[PDB]
2 protein chains.
Amino acid sequence: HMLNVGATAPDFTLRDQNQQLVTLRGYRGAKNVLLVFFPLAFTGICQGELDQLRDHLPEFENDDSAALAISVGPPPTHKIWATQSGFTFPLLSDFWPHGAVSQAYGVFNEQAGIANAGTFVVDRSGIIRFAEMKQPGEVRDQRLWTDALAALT
Amino acid sequence: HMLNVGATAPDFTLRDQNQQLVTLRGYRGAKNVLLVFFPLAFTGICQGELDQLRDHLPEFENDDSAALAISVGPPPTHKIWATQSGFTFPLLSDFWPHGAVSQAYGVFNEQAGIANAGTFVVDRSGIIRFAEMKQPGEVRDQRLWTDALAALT
């Protein structure tokens, strides 16, 4: 089960698609952070969700907000996928330990070994202010993410 | 340590790039099996290795032998990579549990969470007849594999 609103966002340091280290706490005091967990690269549903994030990127990656996509895939996988899909935002690798970050946020699927489609908004204080789990047969509403971020400014 | 010649090749059941199950024991009493463990899809080092396999595929995949590539990546990853590289042989997913099959063959890298570049030849009885792990920094000479399979007829 997902970490609830008001809980302290577990810290993490993960490799992005270009092998750079990205730390959640690096955004404390500066930007609200949108964490988009997704199951697998090269799958239709994740493609659609990240394509929509790509299309509305300025509403998520700006002076007040940062957007980080997270999955169990390693950087080379995310690099190729990001290049083909045109993703310029960071795709982080919760690869080894496998899904450690996903488990900390309570969005890890132990049966399949992938992250569930959970989204969080972490405020400037490192506190989770928004938490949304994707429901069966549907895509997450991203207007809801922009509004949640806009509300924290 | 890596499993060496004389040992029983641990049995496995894994999904190939097209989600079809592939078991090692299915080849016993029929074909010699080349097991090629590789670290990560979309990396130059693994590309070079599997390209060499692809370029000489008829010598490994015939009436007397089959070739299986294995790594920790999931099927969608291998599917896309196989399509881009023109790989027609099975790329199996040692994805969940993470690196289980690789750990059973003693070719799993615990620091990086990937399989080391290990190659095995399993004969019709299920015994390892060839076992070689890539000297990281040096490239695998695949004519040594063909000779290993040549001696099993």
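Side chains included, hydrogens not; waters and symmetry mates left out as well; all remaining heavy atoms used. Naming: A, B, ... by sequence-line order, numbering from 1 per chain.
Enclosure of atom CZ in B/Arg124 by more than 12 non-hydrogen atoms of other residues, nucleotides or ligands within 6.0 angstrom is indicated. Within a 6.0 Å radius of CZ in A/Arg129, no more than 12 heavy atoms belonging to other residues, nucleotides or ligands are found.
Criterion: ILVMFWY side-chain heavy atoms under 4.5 Å apart, direct or through other members. Under it, A/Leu91 and A/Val22 are not part of a common hydrophobic cluster. B/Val122 and B/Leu149 fall into different hydrophobic clusters, defined by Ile, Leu, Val, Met, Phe, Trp and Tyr side-chain heavy atoms under 4.5 Å apart, directly or through other members.
Heavy atoms closer than 4.5 Å to chain A are found in the side chain of B/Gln84, but not in its backbone. The contact between A/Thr77 and chain B is made by backbone and side chain atoms together, counting heavy-atom distances below 4.5 Å.
Separation of atoms NE2 (B/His98) and CZ (A/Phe95) is listed at 4.0 Å; rounding is to 0.5 Å.
For the pair B/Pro76 and A/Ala41, the tightest heavy-atom approach, listed with the atom from each and the gap, is CB-O, 3.8 Å.
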